[PDB]
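Chains as they are written, first to last, in my numbering: chain R, 2 to 64; chain D, 2 to 64; chain U, 5 to 181; chain L, 876 to 958.
Given below as structure tokens:
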């Protein structure tokens, strides 16, 4: 068989390739930014007062 | 019939009466406070700018 | 263009990021001289109108960049002078659809949270006003945290709840009572 | 559904006290209102966008009051001018 079976055309094939590459780039950038932010927060919070920062509020505010 | 059918005793009857009176008083007070606040807000907002106050935000903030 | 501005915005994030790894940076300084930080904070207004969609992904990189500048000590000086507190107020910004909503609040909370705790006691005066002027809203988030889409939504609540908590302990709102 | 309704009831009570206080004296209290909205920004944005069976209607009613509470403080404090 052949000549077309749930296939696409080259003009649309290249467009789909470019769209997929762009989406993958955006997703990778977002994930890297999120990971960098998480690492920064972990480095800044691991110094001290890990649970006290929330305990003070749980004691002040309504539990 | 008689001598008790899903009934209660006087010692509990008076307690239930007092509890009902207290609950009704609290509910009436809450409802009156809410009505007074609603009337105050209606009197303060009916002056002018009834829909503009929200339109400015709908235009500034994300709809 | 829609794709050029997006790629350019994300590109600046990599430049400033890799520069810090190399307490100051020449890349962030150049942006201030070119009036880039100024116009950038001005665009923060009316963000609700802008916010898969091309406009949504663009704003993500925008707020993401500002968050990086608020991590270095020198950024608080240039960023604070831009008067960002008054820019985010005119916009009135303060299962999958809701998840995106919290994503915007988290991005803004992180930029403000990191900015106050960057310089020192010179910005705490502004942080207290933000929590007092917008009191109650944060209380609902801090109490909420205390299938796939559900976990994603709850995750944002944890980050959003912890975002304000960092500003409280860093600003010292407990002392004000 | 009933537990959440009580939560918003507390926020509304506090928002009304602060909202009416700033718009009572005049320009002497607007400086504090701006700090409250800026220091607690984002939280109010979620409420103003939410509004935009018995227990459900009661919960939504509080959201309308809570959403309109902050709106009064904004127009009264003049946060739009600050941008």
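We put the beta carbon where it would ideally sit given N, CA and C, even for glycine.
Per the contact definition of three or more C-beta pairs closer than 8 Å, is the region 114-127 of chain U in contact with the region 135-142 of chain U?
no
Along the region 90-105 of chain U, what residues have a CB closer than 8 Å to any CB found in chain D?
94, 95, 96, 97
Reference residue 108(U), options 954(L), 941(L), 921(L), closest by Cα
The shortest Cα separation from residue 108(U) among 954(L), 941(L), 921(L) belongs to 921(L).
Using the Cα positions of residue 61(U) and residue 10(U), report the straight-line distance between them to the nearest angstrom.
Distance between the alpha carbons of residue 61(U) and residue 10(U) is about 8 Å.
For a minimum of 4 consecutive residues, which ranges assigned as the alpha helix (DSSP H) are wholly contained in the region 66-143 of chain U?
77-84, 88-94, 100-123, 128-137
State the Cα-Cα distance for the pair residue 34(U) and residue 8(U), rounded to the nearest angstrom.
21 Å
Under a Cβ-count criterion, where at least 16 other Cβ atoms within 10 Å of its own Cβ denotes burial, should residue 40(U) be classed as buried or exposed?
Counting the other Cβ atoms within 10 Å of the Cβ of residue 40(U) gives fewer than 16, which makes it exposed.
Okay, do the region 154-171 of chain U and the region 91-107 of chain U touch, 3+ Cβ pairs below 8 Å being the bar?
yes
Go ahead and pull the three-state DSSP assignment for residue 30(D).
helix
In whole angstroms, give me the CA-to-CA distance for residue 86(U) and residue 38(D).
40 Å
I'd like to know if residue 948(L) contacts chain D, where contact means its C-beta is closer than 8 Å to some C-beta of that chain.
no
For residue 50(U), three-class secondary structure by DSSP:
coil
Interface residues of the region 895-910 of chain L facing chain U [CB-CB below 7 Å]
907, 908, 909, 910
Secondary structure at residue 943(L), three-state DSSP: helix, strand or coil?
helix
Spatial neighbours of residue 135(U) within its chain, please: C-beta separation below 8 Å, excluding the five flanking residues on both sides.
142, 168, 171, 172, 175, 177
Among 877(L), 932(L), 908(L), nearest to residue 890(L) - alpha-carbon criterion:
Here the closest residue by C-alpha is 908(L).
Which same chain residues, not among the five before or five after residue 935(L), have their C-beta less than 8 Å away from its C-beta?
926
Put residue 11(U) into one of helix, strand or coil per three-state DSSP.
helix
Could you give the residue range of the alpha helix (DSSP H) that holds residue 179(U)?
177-180
Report the residue from 931(L), 956(L), 910(L) whose alpha carbon sits nearest the alpha carbon of residue 878(L).
931(L)
State the Cα-Cα distance for the pair residue 95(U) and residue 67(U), rounded to the nearest angstrom.
14 Å
With DSSP run on the structure shown, which of helix, strand or coil describes residue 63(D)?
Residue state, collapsed to three classes: coil.
Check whether chain U comes within 8 Å of residue 58(D), counting only Cβ atoms and requiring the distance to be less than that.
yes
Examine the Cβ distances between the region 24-31 of chain U and the region 74-85 of chain U and report whether three or more of them are shorter than 8 Å.
yes
Which residue from 34(R), 46(R), 6(R) puts its Cα closest to that of residue 17(U)?
34(R)
Name the residue from 26(D), 64(D), 11(D), 19(D) whose alpha carbon lies nearest to the alpha carbon of residue 54(U).
64(D)
Measure the CB-CB distance between residue 115(U) and residue 70(U) and report whether it falls below 8 Å.
yes
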